[PDB]
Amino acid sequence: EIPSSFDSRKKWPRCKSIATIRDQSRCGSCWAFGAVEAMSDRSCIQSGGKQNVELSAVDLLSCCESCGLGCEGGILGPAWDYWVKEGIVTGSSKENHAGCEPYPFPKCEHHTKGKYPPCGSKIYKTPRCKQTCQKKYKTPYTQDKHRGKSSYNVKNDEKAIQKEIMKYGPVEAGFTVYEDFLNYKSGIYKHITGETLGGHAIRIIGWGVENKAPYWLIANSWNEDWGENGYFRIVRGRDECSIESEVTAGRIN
């Protein structure tokens, strides 16, 4: 039976990645962030906490040739296929500078107020695929790879998505971003004004209901200043902005 609310952070609190918000910086690498975040979560959840790692966004962003255009956007299915076939090494944020390949780009504000420099509208070139761990990290790049066993799209059905998240952990999901999404501060988002800005990719970690209004609970990759401490909520059950139609995940076993 599906509970009225669920929060992956509360079910698997040993897994540090689940409550970590990242920042893609001045790069359209959301496709890679939603992927490595959910893969980090799932690697920990599905291994009973034996894997408790932060997977490298830059490794996937830079090295996956079949995933699209890097900092100019990408494709979800091939990102999970890459994790299954090639694997992804470890790597923290830029400021944390941990793991094999930490992210090269700094935190910035994504169309919102706060303490980081504004992202602005310029975007970085996709980083090179370096295949080399940072000097202090004493495991060779190929030996730091973490691989999945399977990947799949999740059925476009609310209950199927809920069952998948509750059993196997957070999922990656695409949705259509409209201009009013950039004005989001808090609450349960739905598209009301503005034109399309294309597709975004995020990580769905749970769901809930407030004042009878059902929502998905989602981690964005725009740092902790954006939205509700880095998270947002969006209407659930009505395929709002295609949120129930682009879900992808995978398993280590």
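Don't overthink the numbering: it's just position in the shown sequence, from 1.
Which of 78-86 and 117-125 has higher mean CA B factor, as the PDB entry lists it = So the stretch with the higher mean C-alpha B-factor is 117-125.
Would you mind comparing 127-135 and 108-116 for me and telling me which has the higher average C-alpha temperature factor in the entry?
-> Mean C-alpha B-factor is greater for 127-135.
Looking at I202, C67, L217, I188, which has the highest CA B-factor as recorded?
-> Of the candidates given, the C-alpha B-factor peaks at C67.
Quick one: which of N52, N223, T193, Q46 shows the highest Cα temperature factor in the PDB entry?
-> In this record, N52 carries the highest C-alpha B-factor of the candidates.
Grab the CA temperature factor for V209 from the record and place it in the lowest, middle or highest third of its chain.
-> As the PDB entry reports it, the C-alpha B-factor of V209 lands in the middle third of its chain.
Please place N153 in the lowest, middle or highest third of its chain by C-alpha B factor as given in the entry.
-> Its C-alpha B-factor, which the entry lists for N153, ranks in the middle third among residues of this chain.
For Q162, the third of its chain into which the C-alpha B factor falls = As the PDB entry reports it, the C-alpha B-factor of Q162 lands in the lowest third of its chain.
Cα B factor band for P140 (lowest, middle or highest third within the chain) | As the PDB entry reports it, the C-alpha B-factor of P140 lands in the highest third of its chain.
Which third of the chain does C15 land in by C-alpha B-factor: lowest, middle or highest?
-> Highest third, going by the recorded CA B-factors of the chain.
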